[PDB]
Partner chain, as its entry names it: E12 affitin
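The chain below stands alone and is given in structure tokens; this is the form deposited without the partner chain.
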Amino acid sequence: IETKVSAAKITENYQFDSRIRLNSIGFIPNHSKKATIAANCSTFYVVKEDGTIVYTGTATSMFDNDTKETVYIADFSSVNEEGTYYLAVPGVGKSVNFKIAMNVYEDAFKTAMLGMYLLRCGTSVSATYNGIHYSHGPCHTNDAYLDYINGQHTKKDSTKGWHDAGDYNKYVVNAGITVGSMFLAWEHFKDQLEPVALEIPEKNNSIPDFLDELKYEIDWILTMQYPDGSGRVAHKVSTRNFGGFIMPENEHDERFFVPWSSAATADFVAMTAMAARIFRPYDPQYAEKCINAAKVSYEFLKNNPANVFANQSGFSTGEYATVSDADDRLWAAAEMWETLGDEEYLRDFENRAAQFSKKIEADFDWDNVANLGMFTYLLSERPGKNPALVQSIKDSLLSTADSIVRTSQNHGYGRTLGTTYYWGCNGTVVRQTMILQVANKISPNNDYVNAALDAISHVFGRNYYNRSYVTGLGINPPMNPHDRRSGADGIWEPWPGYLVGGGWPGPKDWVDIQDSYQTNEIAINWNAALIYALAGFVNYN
């Protein structure tokens, strides 16, 4: 007997069907919620796990130019009541269960941060995730020799930091966009991130956990300044060739400092200038050490304007040879100015900024970090900015954010990067949230926040594969990443919390096999983009 308050309940029993693709983690109340159904259909129900039909709708068809298929879009954004639901599509089947909650992304954020902790070098790491224990002993404790720097086969401490990707070498240019992304997440969402506790050794000190993780990397970056006091910064610490699939503590080859590059030197300045202002409130002494190092390398750069590529002929590991250091130098000037305030730094930034035709780029990564410099300058509360330059950057930013909104709204799976695929493009999909969040800070628009959620949803299930691209999370995540710890331990499931690079050159080119470093590797710059994307939705209201 049904009363006047009994709610409608699903009649038939549905089976999971891979053609119903959506964010496998969940949605936030008051934001878009969409699913892409790769099957002909019309009616769909959003059902609570108890069988209660909460919403009935009809899917609308749309041609996915990317995969060249007609797909059906189920929009259930109106459902805003917290709970666990699933999508039931008569004739197709049902989706995985997902949650609608204000804090739906917090575990994902903590897991992506756990990913960074597990990438630590020079120390033993240990974590239990979903009941499986991941750990490894102290590794690369003898970094690194000066042979290629000065000639002496002597050791200068260069331990700590994070292994870069599937390999264990540490590269400065890639640490640039990584550290920059994560420090910008802290500056943009400080109030949301400060109280977050992570599973790290430093959980019991006086520094916000998010910053302890970044400190592990900055501690390493500081050791990269040449020992001659010239201010030049070594490009990377690396073995001569890529080692094999072994645990890091078993890699005994000697690691060397590789000759400097101007880009690495400019990135060093930007990273340590940011660290100086961000750590000052917590460890003033550490901040002083950072700003002094930044000043030495900046003086060098100021006197040697040429773009210089690192001499790394004897090495066969990652190159990270950014074609230009103009963007890196622009970023360094913006960070020195924001931290210090001197007119000298502001003048340097503005002179370089004017030389950029398009102030903001929708597609950016380790090679083009100008956006980071534009972001710091644009949001700075310091006086003195040339109002014409500000308006120029602002227009470019909003114009770019609008383009990304239009792209995701017209993509059959809400992909912000549209039809563009290339090595590491999954990282860029979520890195685009930086543009959207900054645009939202300058000119509030919920289209910007929803597009950011589209980028996040794309990576967690609303994609052609109906798979999460992050190990240990969501639906059918990567099982075989090109990752040495994963390929060499005795555990079935790979190490958790990593966004894989992604397929290319096409939408269906991702392959989840260990040999595919082209589409299935992990990397700090990809995880940093994911961390920034999720950060804005931690302790969110």
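Numbering follows the first chain given and starts at 1.
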For this session: Check the entry's C-alpha temperature factors for 6-14 and 19-27, then say which stretch has the higher mean.
Result: 6-14
For this session: Mind pulling up the entry and telling me whether 214-222 or 314-322 has the higher mean Cα temperature factor?
Result: 314-322
For this session: Pick out which of 160, 280, 385, 188 has the highest C-alpha B-factor in the PDB entry.
Result: 385
Problem set entry | Which of 80, 339, 433, 261 ranks first by CA B-factor in the deposited coordinates | 80
For this session: Using the B-factor values recorded in the entry, state whether the Cα atom of residue 164 falls in the lowest, middle or highest third among the modelled residues of its chain.
Result: lowest
Problem set entry | Among modelled residues of the same chain, the CA temperature factor third for residue 182 | lowest
For this session: Looking at the entry's B-factor column for C-alpha atoms only, identify whether residue 75 ranks in the lowest, middle or highest third of its chain.
Result: middle
For this session: Tell me, lowest, middle or highest third: where does the Cα B factor of residue 485 rank within its chain?
Result: lowest
For this session: Among all modelled residues of this chain, ranked by Cα B factor, put residue 535 in the bottom, middle or top third, i.e. lowest, middle or highest.
Result: lowest
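From this point on, the text means the form solved in complex with the partner chain, which you will not see here.
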Exercise. With a 4.5 Å heavy atom cut-off, would you call residue 319 a contact of the partner chain in the entry with it bound?
Worked result: yes
Exercise. With the partner left out of view, is residue 45 within 4.5 angstroms of the partner chain in the entry with it bound by any non-hydrogen atom?
Worked result: no
Exercise. At the 4.5 Å heavy atom threshold, is residue 505 in contact with the partner chain in the entry with it bound?
Worked result: yes
Exercise. Is there any non-hydrogen atom of residue 367 lying within 4.5 Å of the partner chain in the entry with it bound?
Worked result: yes
For this session: Considering the partner chain in the entry with it bound, find the one stretch among 159-167, 248-256, 102-110, 263-271 with heavy atoms no farther than 4.5 Å from it.
Result: 159-167
Problem set entry | Heavy atom within 4.5 Å of the partner chain in the entry with it bound - the one residue of 421, 345, 145, 76 that qualifies | 421
Exercise. Considering only 141-159, what residues come within 4.5 Å of the partner chain in the entry with it bound, judged by heavy atoms?
Worked result: none
